[PDB]
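A quick write-up on the structure given underneath.
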Amino acid sequence: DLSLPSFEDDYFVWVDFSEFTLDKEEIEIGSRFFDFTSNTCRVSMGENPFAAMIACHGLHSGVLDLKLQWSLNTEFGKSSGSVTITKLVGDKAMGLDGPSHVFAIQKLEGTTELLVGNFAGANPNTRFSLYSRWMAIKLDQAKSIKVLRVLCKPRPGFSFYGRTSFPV
Amino acid sequence: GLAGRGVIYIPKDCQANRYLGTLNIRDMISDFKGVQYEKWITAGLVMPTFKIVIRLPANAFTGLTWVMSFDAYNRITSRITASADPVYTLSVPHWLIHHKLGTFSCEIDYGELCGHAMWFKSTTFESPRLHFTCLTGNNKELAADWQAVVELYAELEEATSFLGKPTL
Amino acid sequence: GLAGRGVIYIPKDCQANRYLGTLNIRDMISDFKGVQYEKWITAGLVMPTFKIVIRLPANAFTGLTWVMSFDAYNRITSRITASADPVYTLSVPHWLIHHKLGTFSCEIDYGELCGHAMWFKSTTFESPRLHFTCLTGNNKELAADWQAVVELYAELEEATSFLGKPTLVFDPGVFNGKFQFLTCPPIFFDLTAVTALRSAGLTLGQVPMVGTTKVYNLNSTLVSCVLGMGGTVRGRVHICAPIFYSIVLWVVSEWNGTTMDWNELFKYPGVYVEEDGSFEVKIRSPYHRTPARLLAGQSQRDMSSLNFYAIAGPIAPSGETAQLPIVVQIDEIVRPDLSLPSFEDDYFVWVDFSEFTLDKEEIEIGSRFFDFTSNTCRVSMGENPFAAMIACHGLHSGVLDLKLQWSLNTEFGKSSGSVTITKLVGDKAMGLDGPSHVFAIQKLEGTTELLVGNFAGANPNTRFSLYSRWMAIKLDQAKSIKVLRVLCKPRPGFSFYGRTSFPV
Amino acid sequence: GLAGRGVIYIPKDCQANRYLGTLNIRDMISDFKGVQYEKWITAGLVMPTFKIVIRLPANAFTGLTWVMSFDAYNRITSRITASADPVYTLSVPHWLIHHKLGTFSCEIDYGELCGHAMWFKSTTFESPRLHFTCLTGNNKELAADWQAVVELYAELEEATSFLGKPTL
């Protein structure tokens, strides 16, 4: 006799960025779904079953749809700049240019896809270096942002390999 | 056929939560070296179905129960080598080994339980381990220290793909 | 019938990389002049199927191998006339001419390999050339200078259309795994060595280089359309030496370095090569695939390579000194294990404009897809497979959907003006007004279509002037813009004509 | 499959009667070690049918002809190491290797040519050798020293009897 599922087929919180100390901020994502750290701003990670499933398998692979939302710290009339999504294939140094995307800060939201995977076919739950698509979020007026929230919604067929555990 | 082997050393006073040792699956096969090991070098990649056999003198007078834990991604190793809490040892795929039943056997479809194929020359992600811990201790110490033998049986053939079928 | 002819002069000491000469295909036909030349004048336009024949005294005692390179768009000429690196000569459609086989022949469907029809009175785009270069040299000089004769056979008839059938149609998700004209520069073995190794990298998306010059070509461009590949390499090996030279090779694939143990080496799945022939070798890798391109600080040897081990020889009689060359051709990846396509059916970056110095800025696009330059602002061009495909064909044609995005440099509340898209038919001076479009700067984004083409049907990859639709971006408050980004997404059926290369 | 291998060194001036080297058949298999070598350890005794392959660049411009002599009982080794009289090299089972024909191959039914089965751990009677000698020399020296590769192919299976069938 089961209850409702706790989550619906919807977005959930991946990460909130807040309390920016520098106007120039660049968050590298690459091809991973993982926990962020920053010396220049406050990272607040989401906790949900998807994140746990990532942590409880040796390998995973799939596509995440992202929704970015943000509110302003300064007056709207004074606002300038952008949330920019850099999309490459390769790396920052030698990569090819994909569907990079400039959201004027006044849009206050934006969407993008993220490939979680690589040429080999799957990601370990650690840092690794394997040729793949590469993503980054670039803020140029970060101090004007009170919060940048990133939600994700896995596309059907997001796959996990080799059940295991994760002590923290 | 027999692909690799190893030895676990049991102390005469085997208490609950005693760490007994870790076998490295790839080392078992390479140290043996091995009709199967040599087939492996030619295949390059293997996605074995192992039969694991633990040889073990059956005894109904001890109360001893052990746990073999399959840790393909080396996630609990660091935390059990002083003392193996059951919460760690049961958090990954595992099997109960009852002393009253003697010699123990099980199947590991490396395609499911692990998910990635093994490369003959080096560990790809992390090195797959078998941990042996004591779940319930002996009612009184035994006469002397002893050992059990762990054996890997497999017919290694070349793997067609890097990835297994997703567990989830 | 015989349509035209020409002569290539070979020197007595034909060293590898020697430039032998260039024949101009249209001049061969017009200087001959020519029952076929006269039929041509009446036709106006011709789309010939040529049989090219090179007459050439067969000889098994030299080791000479030449390359005929079909350069319909005059892309490698400048860079080969002093000396001909094989990276240039093999970057366009080409044929190996082995001296042991004597007289050589091949077909050139000008409709495919070139794409546009030939006008009797003058060159339309660029003048089509045949280059003759020496790939592997003679083992010792010959007795004297000599010559070979080049002949064009064709039955010219009037061409019905200007354009051929497209060699390639843009699709991100489509790289079969089959190649044409993929020839590796020669690999050399010294005879002063009892054994030896020569590696060939299998990271095929890497752009080949000659010094500091990048040589963009269709094959590497195709491979870059994928993240990586596994499977079996099917190819052909040519042993380019005199009959009195001989060698035995163990050919096998290895990952990240090579084993130092001869016994381990022979437990791998390789093949033996004693002579000219085809081969299949499995791409060997921990992931079953090797990546299509390298990341920073990576080397091609760090991945999967095709390794050529000389296990017996080479040997030759004394006192020969020449190295023994091996020329490898890769035909396809059979039983392919491909990665995801590197790009999806999505937009990609064409150009970013930034750092505007003047408030009035006008960017002319017209009907071309190309590299921008500005004295008044910063242009940052995108690099992707589509742009390479544009650069690796003589002609292209299609429609691009554009997305424009921009962010503000000044305060939003102070903003004024617009990003205006001017759309004409003709030119700025005498044109007709199409779907021109005014985006108030506060929209912060806009969309439009761009026709890449013209009344004739296709664009060359150079500047040209042919009546077509005409587009321009007009900024009136450009200093208020921190960046203007232009993304494009080719509509299905974007077509490319005549595979070639592009050195920069 | 490939069971063992070895290398013969040819001098640039390869004169008639020149001794080129001896390969020890059991050492070829054990140094390689060897899917077949490992099958051998389990069988204990083997009565192989070998395919011997000598890899060798074909050349019609030398006049070189070599002799491979199968000396299973080590009878001529002593008398051929400084110089190899054809009377010795041809007095045991042997094969002519013509340089014009390139890569050479033959079958050795160890049951006939030898007569006793091979024991994995040590030589039983004497240690079986292949001798490589030059029968007719090159017309003029070649450009440089070179080598040829000798390969043993076999599918080793357990021998049922110690003795073969009698040659005579």
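Going through the structure tokens in order, the chains are called A, B, and so on, while each chain numbers its residues from 1 and the ligands are numbered from 1 in the order shown.
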Using all C-alpha atoms paired in order, least-squares fit chain B onto chain D and give me the moved copy as a PDB file with C-alpha atoms, in the first residue's frame.
```pdb
ATOM      1  CA  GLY B   1      47.122 -20.275 -31.007  1.00  0.00           C
ATOM      2  CA  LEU B   2      50.531 -18.649 -30.661  1.00  0.00           C
ATOM      3  CA  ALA B   3      52.326 -20.771 -28.069  1.00  0.00           C
ATOM      4  CA  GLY B   4      55.862 -19.417 -28.068  1.00  0.00           C
ATOM      5  CA  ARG B   5      58.312 -17.278 -30.005  1.00  0.00           C
ATOM      6  CA  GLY B   6      61.972 -16.444 -30.534  1.00  0.00           C
ATOM      7  CA  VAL B   7      64.332 -14.399 -32.667  1.00  0.00           C
ATOM      8  CA  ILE B   8      67.170 -15.400 -34.985  1.00  0.00           C
ATOM      9  CA  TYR B   9      69.813 -12.760 -35.734  1.00  0.00           C
ATOM     10  CA  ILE B  10      71.050 -12.594 -39.308  1.00  0.00           C
ATOM     11  CA  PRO B  11      74.490 -10.948 -40.027  1.00  0.00           C
ATOM     12  CA  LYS B  12      74.665  -8.620 -43.061  1.00  0.00           C
ATOM     13  CA  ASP B  13      77.253 -10.926 -44.596  1.00  0.00           C
ATOM     14  CA  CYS B  14      75.591 -14.312 -44.260  1.00  0.00           C
ATOM     15  CA  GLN B  15      78.086 -16.885 -45.582  1.00  0.00           C
ATOM     16  CA  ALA B  16      77.468 -20.572 -46.241  1.00  0.00           C
ATOM     17  CA  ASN B  17      77.812 -22.677 -43.080  1.00  0.00           C
ATOM     18  CA  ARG B  18      77.174 -19.771 -40.722  1.00  0.00           C
ATOM     19  CA  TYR B  19      75.586 -20.863 -37.438  1.00  0.00           C
ATOM     20  CA  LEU B  20      72.729 -18.421 -36.718  1.00  0.00           C
ATOM     21  CA  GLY B  21      71.514 -19.679 -33.365  1.00  0.00           C
ATOM     22  CA  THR B  22      69.499 -22.266 -31.515  1.00  0.00           C
ATOM     23  CA  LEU B  23      66.028 -21.891 -30.076  1.00  0.00           C
ATOM     24  CA  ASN B  24      64.952 -24.101 -27.229  1.00  0.00           C
ATOM     25  CA  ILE B  25      61.381 -25.243 -27.967  1.00  0.00           C
ATOM     26  CA  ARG B  26      60.355 -25.573 -24.364  1.00  0.00           C
ATOM     27  CA  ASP B  27      61.917 -22.234 -23.428  1.00  0.00           C
ATOM     28  CA  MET B  28      60.051 -20.527 -26.317  1.00  0.00           C
ATOM     29  CA  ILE B  29      56.781 -21.657 -24.766  1.00  0.00           C
ATOM     30  CA  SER B  30      57.711 -20.958 -21.141  1.00  0.00           C
ATOM     31  CA  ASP B  31      59.290 -17.538 -21.681  1.00  0.00           C
ATOM     32  CA  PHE B  32      56.188 -16.512 -23.594  1.00  0.00           C
ATOM     33  CA  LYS B  33      53.892 -17.808 -20.855  1.00  0.00           C
ATOM     34  CA  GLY B  34      51.478 -17.971 -22.644  1.00  0.00           C
ATOM     35  CA  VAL B  35      47.827 -19.142 -22.743  1.00  0.00           C
ATOM     36  CA  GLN B  36      49.191 -22.405 -24.112  1.00  0.00           C
ATOM     37  CA  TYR B  37      51.960 -22.550 -21.487  1.00  0.00           C
ATOM     38  CA  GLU B  38      49.357 -22.276 -18.731  1.00  0.00           C
ATOM     39  CA  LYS B  39      47.197 -25.005 -20.332  1.00  0.00           C
ATOM     40  CA  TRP B  40      50.371 -27.106 -20.322  1.00  0.00           C
ATOM     41  CA  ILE B  41      50.944 -26.829 -16.554  1.00  0.00           C
ATOM     42  CA  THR B  42      47.483 -28.331 -16.017  1.00  0.00           C
ATOM     43  CA  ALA B  43      47.886 -31.091 -18.596  1.00  0.00           C
ATOM     44  CA  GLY B  44      51.276 -32.071 -17.229  1.00  0.00           C
ATOM     45  CA  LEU B  45      52.119 -33.982 -20.424  1.00  0.00           C
ATOM     46  CA  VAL B  46      51.633 -32.704 -23.973  1.00  0.00           C
ATOM     47  CA  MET B  47      52.232 -34.348 -27.407  1.00  0.00           C
ATOM     48  CA  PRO B  48      51.720 -31.237 -29.553  1.00  0.00           C
ATOM     49  CA  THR B  49      51.277 -30.847 -33.235  1.00  0.00           C
ATOM     50  CA  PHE B  50      53.212 -27.628 -33.827  1.00  0.00           C
ATOM     51  CA  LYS B  51      52.939 -25.248 -36.738  1.00  0.00           C
ATOM     52  CA  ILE B  52      56.315 -23.535 -36.970  1.00  0.00           C
ATOM     53  CA  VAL B  53      56.328 -20.197 -38.751  1.00  0.00           C
ATOM     54  CA  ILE B  54      59.462 -18.266 -39.636  1.00  0.00           C
ATOM     55  CA  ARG B  55      58.774 -14.639 -40.476  1.00  0.00           C
ATOM     56  CA  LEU B  56      61.194 -13.420 -42.939  1.00  0.00           C
ATOM     57  CA  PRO B  57      61.102 -10.666 -45.568  1.00  0.00           C
ATOM     58  CA  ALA B  58      60.881 -12.258 -49.017  1.00  0.00           C
ATOM     59  CA  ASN B  59      63.712 -11.274 -51.353  1.00  0.00           C
ATOM     60  CA  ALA B  60      64.759 -12.601 -54.742  1.00  0.00           C
ATOM     61  CA  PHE B  61      68.059 -10.732 -54.868  1.00  0.00           C
ATOM     62  CA  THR B  62      70.227 -12.516 -52.288  1.00  0.00           C
ATOM     63  CA  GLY B  63      70.490 -16.222 -53.053  1.00  0.00           C
ATOM     64  CA  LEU B  64      70.153 -16.947 -49.334  1.00  0.00           C
ATOM     65  CA  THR B  65      68.943 -20.385 -48.244  1.00  0.00           C
ATOM     66  CA  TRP B  66      68.728 -21.457 -44.588  1.00  0.00           C
ATOM     67  CA  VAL B  67      68.119 -24.769 -42.862  1.00  0.00           C
ATOM     68  CA  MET B  68      65.917 -25.267 -39.820  1.00  0.00           C
ATOM     69  CA  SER B  69      67.009 -28.485 -38.140  1.00  0.00           C
ATOM     70  CA  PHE B  70      64.755 -30.213 -35.591  1.00  0.00           C
ATOM     71  CA  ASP B  71      67.109 -31.742 -33.051  1.00  0.00           C
ATOM     72  CA  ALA B  72      64.794 -33.161 -30.378  1.00  0.00           C
ATOM     73  CA  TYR B  73      67.561 -35.132 -28.704  1.00  0.00           C
ATOM     74  CA  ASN B  74      70.329 -32.549 -28.803  1.00  0.00           C
ATOM     75  CA  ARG B  75      72.660 -34.584 -30.981  1.00  0.00           C
ATOM     76  CA  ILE B  76      74.173 -31.989 -33.337  1.00  0.00           C
ATOM     77  CA  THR B  77      74.142 -28.850 -31.116  1.00  0.00           C
ATOM     78  CA  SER B  78      77.676 -29.374 -29.780  1.00  0.00           C
ATOM     79  CA  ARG B  79      79.149 -29.698 -33.272  1.00  0.00           C
ATOM     80  CA  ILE B  80      77.621 -26.744 -35.134  1.00  0.00           C
ATOM     81  CA  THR B  81      78.036 -23.700 -32.879  1.00  0.00           C
ATOM     82  CA  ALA B  82      81.354 -22.609 -34.407  1.00  0.00           C
ATOM     83  CA  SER B  83      80.424 -23.581 -37.920  1.00  0.00           C
ATOM     84  CA  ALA B  84      77.523 -25.584 -39.273  1.00  0.00           C
ATOM     85  CA  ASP B  85      78.601 -28.212 -41.821  1.00  0.00           C
ATOM     86  CA  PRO B  86      75.593 -29.276 -43.953  1.00  0.00           C
ATOM     87  CA  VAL B  87      76.307 -32.947 -43.173  1.00  0.00           C
ATOM     88  CA  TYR B  88      75.293 -32.276 -39.550  1.00  0.00           C
ATOM     89  CA  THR B  89      72.404 -29.903 -40.243  1.00  0.00           C
ATOM     90  CA  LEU B  90      70.777 -32.256 -42.791  1.00  0.00           C
ATOM     91  CA  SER B  91      71.240 -35.424 -40.695  1.00  0.00           C
ATOM     92  CA  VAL B  92      68.156 -34.726 -38.574  1.00  0.00           C
ATOM     93  CA  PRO B  93      64.654 -33.764 -39.665  1.00  0.00           C
ATOM     94  CA  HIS B  94      64.964 -30.423 -41.424  1.00  0.00           C
ATOM     95  CA  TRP B  95      63.465 -27.883 -43.789  1.00  0.00           C
ATOM     96  CA  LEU B  96      64.894 -25.648 -46.520  1.00  0.00           C
ATOM     97  CA  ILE B  97      64.047 -21.986 -46.134  1.00  0.00           C
ATOM     98  CA  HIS B  98      64.378 -20.075 -49.391  1.00  0.00           C
ATOM     99  CA  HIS B  99      64.732 -16.322 -49.116  1.00  0.00           C
ATOM    100  CA  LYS B 100      62.844 -15.806 -52.385  1.00  0.00           C
ATOM    101  CA  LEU B 101      59.721 -17.394 -50.831  1.00  0.00           C
ATOM    102  CA  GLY B 102      59.668 -15.172 -47.749  1.00  0.00           C
ATOM    103  CA  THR B 103      57.716 -16.273 -44.695  1.00  0.00           C
ATOM    104  CA  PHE B 104      58.030 -20.017 -44.130  1.00  0.00           C
ATOM    105  CA  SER B 105      55.784 -22.529 -42.413  1.00  0.00           C
ATOM    106  CA  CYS B 106      55.737 -26.261 -41.627  1.00  0.00           C
ATOM    107  CA  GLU B 107      54.106 -28.841 -39.345  1.00  0.00           C
ATOM    108  CA  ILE B 108      55.876 -30.846 -36.700  1.00  0.00           C
ATOM    109  CA  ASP B 109      53.914 -33.774 -35.316  1.00  0.00           C
ATOM    110  CA  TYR B 110      55.858 -34.083 -32.101  1.00  0.00           C
ATOM    111  CA  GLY B 111      54.414 -37.570 -31.762  1.00  0.00           C
ATOM    112  CA  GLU B 112      56.317 -38.738 -34.856  1.00  0.00           C
ATOM    113  CA  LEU B 113      59.409 -36.523 -35.103  1.00  0.00           C
ATOM    114  CA  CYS B 114      60.103 -36.748 -31.397  1.00  0.00           C
ATOM    115  CA  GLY B 115      58.192 -39.675 -29.826  1.00  0.00           C
ATOM    116  CA  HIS B 116      57.942 -38.749 -26.141  1.00  0.00           C
ATOM    117  CA  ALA B 117      55.506 -36.311 -24.435  1.00  0.00           C
ATOM    118  CA  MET B 118      56.736 -33.071 -22.902  1.00  0.00           C
ATOM    119  CA  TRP B 119      56.627 -32.578 -19.149  1.00  0.00           C
ATOM    120  CA  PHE B 120      55.718 -29.059 -18.049  1.00  0.00           C
ATOM    121  CA  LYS B 121      58.211 -28.736 -15.171  1.00  0.00           C
ATOM    122  CA  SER B 122      61.440 -30.106 -16.637  1.00  0.00           C
ATOM    123  CA  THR B 123      63.161 -31.769 -19.533  1.00  0.00           C
ATOM    124  CA  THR B 124      62.644 -35.537 -19.415  1.00  0.00           C
ATOM    125  CA  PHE B 125      65.414 -36.852 -21.673  1.00  0.00           C
ATOM    126  CA  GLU B 126      67.119 -34.105 -23.537  1.00  0.00           C
ATOM    127  CA  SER B 127      65.854 -30.599 -24.306  1.00  0.00           C
ATOM    128  CA  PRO B 128      64.362 -30.242 -27.862  1.00  0.00           C
ATOM    129  CA  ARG B 129      66.066 -27.621 -30.067  1.00  0.00           C
ATOM    130  CA  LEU B 130      65.553 -25.806 -33.366  1.00  0.00           C
ATOM    131  CA  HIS B 131      68.843 -24.938 -35.099  1.00  0.00           C
ATOM    132  CA  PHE B 132      69.112 -22.231 -37.734  1.00  0.00           C
ATOM    133  CA  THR B 133      72.016 -22.401 -40.139  1.00  0.00           C
ATOM    134  CA  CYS B 134      72.834 -20.908 -43.517  1.00  0.00           C
ATOM    135  CA  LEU B 135      73.019 -23.495 -46.332  1.00  0.00           C
ATOM    136  CA  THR B 136      73.865 -21.211 -49.260  1.00  0.00           C
ATOM    137  CA  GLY B 137      75.229 -17.726 -48.645  1.00  0.00           C
ATOM    138  CA  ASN B 138      74.233 -14.320 -50.001  1.00  0.00           C
ATOM    139  CA  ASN B 139      75.774 -13.347 -53.339  1.00  0.00           C
ATOM    140  CA  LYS B 140      77.103 -10.140 -51.754  1.00  0.00           C
ATOM    141  CA  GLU B 141      76.566  -8.786 -48.239  1.00  0.00           C
ATOM    142  CA  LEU B 142      73.311  -6.989 -47.533  1.00  0.00           C
ATOM    143  CA  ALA B 143      72.951  -3.409 -46.344  1.00  0.00           C
ATOM    144  CA  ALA B 144      72.749  -4.147 -42.612  1.00  0.00           C
ATOM    145  CA  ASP B 145      72.268  -6.748 -39.877  1.00  0.00           C
ATOM    146  CA  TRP B 146      68.671  -7.980 -39.523  1.00  0.00           C
ATOM    147  CA  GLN B 147      66.489 -10.501 -37.721  1.00  0.00           C
ATOM    148  CA  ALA B 148      63.836 -13.126 -38.368  1.00  0.00           C
ATOM    149  CA  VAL B 149      61.063 -14.157 -35.993  1.00  0.00           C
ATOM    150  CA  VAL B 150      60.285 -17.797 -35.157  1.00  0.00           C
ATOM    151  CA  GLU B 151      56.786 -18.627 -33.913  1.00  0.00           C
ATOM    152  CA  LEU B 152      55.229 -21.819 -32.455  1.00  0.00           C
ATOM    153  CA  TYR B 153      51.494 -22.259 -32.940  1.00  0.00           C
ATOM    154  CA  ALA B 154      49.718 -25.095 -31.157  1.00  0.00           C
ATOM    155  CA  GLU B 155      46.569 -26.043 -29.309  1.00  0.00           C
ATOM    156  CA  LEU B 156      48.055 -27.940 -26.355  1.00  0.00           C
ATOM    157  CA  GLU B 157      45.933 -30.685 -24.840  1.00  0.00           C
ATOM    158  CA  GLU B 158      46.722 -33.292 -22.185  1.00  0.00           C
ATOM    159  CA  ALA B 159      48.656 -36.275 -23.506  1.00  0.00           C
ATOM    160  CA  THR B 160      47.090 -39.674 -22.901  1.00  0.00           C
ATOM    161  CA  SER B 161      50.310 -41.733 -23.225  1.00  0.00           C
ATOM    162  CA  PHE B 162      54.017 -41.156 -22.613  1.00  0.00           C
ATOM    163  CA  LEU B 163      55.097 -42.613 -25.940  1.00  0.00           C
ATOM    164  CA  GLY B 164      54.169 -41.628 -29.474  1.00  0.00           C
ATOM    165  CA  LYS B 165      53.683 -44.035 -32.357  1.00  0.00           C
ATOM    166  CA  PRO B 166      56.996 -45.600 -33.442  1.00  0.00           C
ATOM    167  CA  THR B 167      58.618 -43.964 -36.487  1.00  0.00           C
ATOM    168  CA  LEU B 168      60.201 -47.346 -37.351  1.00  0.00           C
TER     169      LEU B 168
END
```
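The chain A residues that come within 7 Å of chain C are residues 77, 78, 79, 80, 81, 82, 89, 90, 91, 93, 94, 96, 97, 98, 99, 100, 102, 103, 104, 119, 120, 131 and 132 of chain A, with only C-alpha atoms taken into account.
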For the residues selected in the previous step, produce a file with N, CA and C atoms as a compact mmCIF listing (two decimals), in the first residue's frame.
```txt
# COMPACT_ATOMS: atom_id res chain seq x y z
N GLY A 77 16.52 49.30 -12.29
CA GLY A 77 16.85 50.34 -13.25
C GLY A 77 18.33 50.56 -13.48
N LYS A 78 19.15 50.06 -12.56
CA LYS A 78 20.58 50.28 -12.62
C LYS A 78 21.28 49.06 -13.21
N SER A 79 20.52 47.99 -13.39
CA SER A 79 21.09 46.69 -13.77
C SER A 79 21.75 46.68 -15.15
N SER A 80 22.81 45.88 -15.27
CA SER A 80 23.48 45.65 -16.55
C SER A 80 24.11 44.25 -16.54
N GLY A 81 24.65 43.84 -17.69
CA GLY A 81 25.36 42.57 -17.77
C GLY A 81 24.45 41.38 -18.02
N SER A 82 24.95 40.20 -17.67
CA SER A 82 24.37 38.94 -18.13
C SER A 82 24.73 37.72 -17.30
N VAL A 89 32.71 22.00 -26.90
CA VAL A 89 33.06 20.59 -27.00
C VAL A 89 34.57 20.53 -26.87
N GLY A 90 35.06 19.87 -25.83
CA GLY A 90 36.48 19.86 -25.56
C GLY A 90 36.74 20.45 -24.20
N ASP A 91 37.49 21.55 -24.17
CA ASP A 91 37.77 22.28 -22.93
C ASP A 91 37.90 23.76 -23.24
N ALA A 93 40.40 25.57 -23.31
CA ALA A 93 41.61 25.88 -24.07
C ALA A 93 41.58 25.59 -25.59
N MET A 94 40.99 24.47 -25.99
CA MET A 94 41.06 24.03 -27.39
C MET A 94 39.71 23.61 -27.94
N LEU A 96 35.56 23.45 -29.20
CA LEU A 96 34.73 23.95 -30.27
C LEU A 96 33.51 24.65 -29.67
N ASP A 97 32.94 25.60 -30.40
CA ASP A 97 31.84 26.39 -29.87
C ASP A 97 30.46 25.85 -30.19
N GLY A 98 29.71 25.54 -29.14
CA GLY A 98 28.36 24.99 -29.30
C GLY A 98 27.29 26.03 -29.08
N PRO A 99 26.16 25.61 -28.52
CA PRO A 99 25.02 26.51 -28.28
C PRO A 99 25.20 27.39 -27.04
N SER A 100 26.31 28.14 -26.99
CA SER A 100 26.55 29.11 -25.93
C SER A 100 25.42 30.12 -25.99
N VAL A 102 23.67 33.87 -24.24
CA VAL A 102 23.78 35.07 -23.42
C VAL A 102 22.42 35.54 -22.91
N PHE A 103 22.20 35.42 -21.61
CA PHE A 103 20.96 35.91 -21.04
C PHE A 103 21.22 37.27 -20.42
N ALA A 104 20.70 38.32 -21.03
CA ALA A 104 20.78 39.64 -20.41
C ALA A 104 20.24 39.51 -18.98
N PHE A 119 32.81 10.78 -24.07
CA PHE A 119 33.01 9.87 -25.19
C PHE A 119 32.96 8.40 -24.80
N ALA A 120 33.41 8.09 -23.59
CA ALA A 120 33.42 6.70 -23.14
C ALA A 120 32.03 6.17 -22.82
N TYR A 131 37.32 13.49 -22.70
CA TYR A 131 36.76 14.37 -23.73
C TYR A 131 35.25 14.31 -23.82
N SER A 132 34.61 15.47 -23.76
CA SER A 132 33.15 15.55 -23.80
C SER A 132 32.73 16.98 -24.07
```
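With the cut-off set to 10 Å and only C-alpha atoms counted, chain A residues close to chain B are residues 53, 56, 57, 58, 59, 60, 61, 120, 121, 122, 123, 124, 125, 126, 128, 157, 158, 159, 160, 161, 162, 163, 164, 165, 166 and 167 of chain A.
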Could you tell me, as an MDAnalysis selection string, which residues of region 128-271 of chain C DSSP assigns to strand (DSSP E or B) when given the backbone? chainID C and resid 129:136 146:153 158 163 168:169 178 183 187:189 196:201 209:210 213:217 226 228:239 246:255 271
Can you write out the residues you just picked, keeping C-alpha atoms, as a CSV table (one decimal), in the first residue's frame?
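For reference, out.csv as written:
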```
chain,number,residue,atom,x,y,z
C,129,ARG,CA,44.5,22.3,-61.2
C,130,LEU,CA,46.2,19.0,-61.1
C,131,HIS,CA,49.3,18.9,-58.9
C,132,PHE,CA,52.1,16.4,-59.3
C,133,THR,CA,54.3,15.7,-56.3
C,134,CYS,CA,56.7,13.0,-55.2
C,135,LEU,CA,55.5,11.1,-52.1
C,136,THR,CA,58.3,8.6,-51.7
C,146,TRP,CA,62.7,12.2,-68.0
C,147,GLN,CA,59.1,13.1,-68.5
C,148,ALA,CA,55.6,11.7,-68.1
C,149,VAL,CA,52.6,12.6,-70.1
C,150,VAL,CA,49.2,13.5,-68.7
C,151,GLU,CA,46.0,13.0,-70.8
C,152,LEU,CA,42.4,14.0,-70.3
C,153,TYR,CA,39.8,11.8,-72.0
C,158,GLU,CA,26.2,20.6,-72.7
C,163,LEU,CA,25.5,23.0,-59.9
C,168,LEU,CA,27.7,16.6,-48.4
C,169,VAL,CA,24.6,17.7,-46.6
C,178,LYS,CA,33.4,5.4,-43.9
C,183,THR,CA,45.8,8.9,-46.7
C,187,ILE,CA,56.1,6.3,-42.4
C,188,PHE,CA,59.8,5.4,-42.8
C,189,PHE,CA,62.0,2.5,-41.6
C,196,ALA,CA,61.7,-0.6,-35.0
C,197,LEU,CA,58.4,0.9,-34.1
C,198,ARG,CA,56.3,3.6,-35.9
C,199,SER,CA,53.1,4.9,-34.4
C,200,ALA,CA,50.2,6.4,-36.3
C,201,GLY,CA,47.8,8.3,-34.1
C,209,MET,CA,49.8,20.8,-39.3
C,210,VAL,CA,52.8,21.9,-41.4
C,213,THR,CA,50.1,26.2,-40.5
C,214,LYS,CA,46.8,24.4,-39.7
C,215,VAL,CA,45.5,22.4,-42.7
C,216,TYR,CA,41.7,22.0,-42.2
C,217,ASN,CA,40.3,19.1,-44.1
C,226,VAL,CA,31.6,12.7,-33.0
C,228,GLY,CA,35.0,9.4,-30.1
C,229,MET,CA,35.1,6.0,-31.8
C,230,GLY,CA,35.9,2.4,-31.4
C,231,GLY,CA,35.8,-0.6,-33.7
C,232,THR,CA,38.0,-2.0,-36.4
C,233,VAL,CA,40.2,0.1,-38.7
C,234,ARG,CA,40.0,-1.3,-42.2
C,235,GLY,CA,42.8,0.1,-44.5
C,236,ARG,CA,45.4,-0.6,-47.1
C,237,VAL,CA,49.2,-0.7,-46.7
C,238,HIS,CA,51.5,0.2,-49.5
C,239,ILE,CA,55.2,-0.8,-49.4
C,246,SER,CA,61.6,-6.2,-48.3
C,247,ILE,CA,60.1,-6.1,-44.8
C,248,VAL,CA,57.8,-7.9,-42.4
C,249,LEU,CA,55.5,-5.9,-40.1
C,250,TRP,CA,53.5,-6.7,-37.0
C,251,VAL,CA,50.6,-4.2,-37.1
C,252,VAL,CA,48.7,-3.8,-33.8
C,253,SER,CA,46.8,-1.2,-31.8
C,254,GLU,CA,48.0,-0.1,-28.4
C,255,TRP,CA,46.7,2.3,-25.6
C,271,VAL,CA,48.2,-8.8,-38.2
```
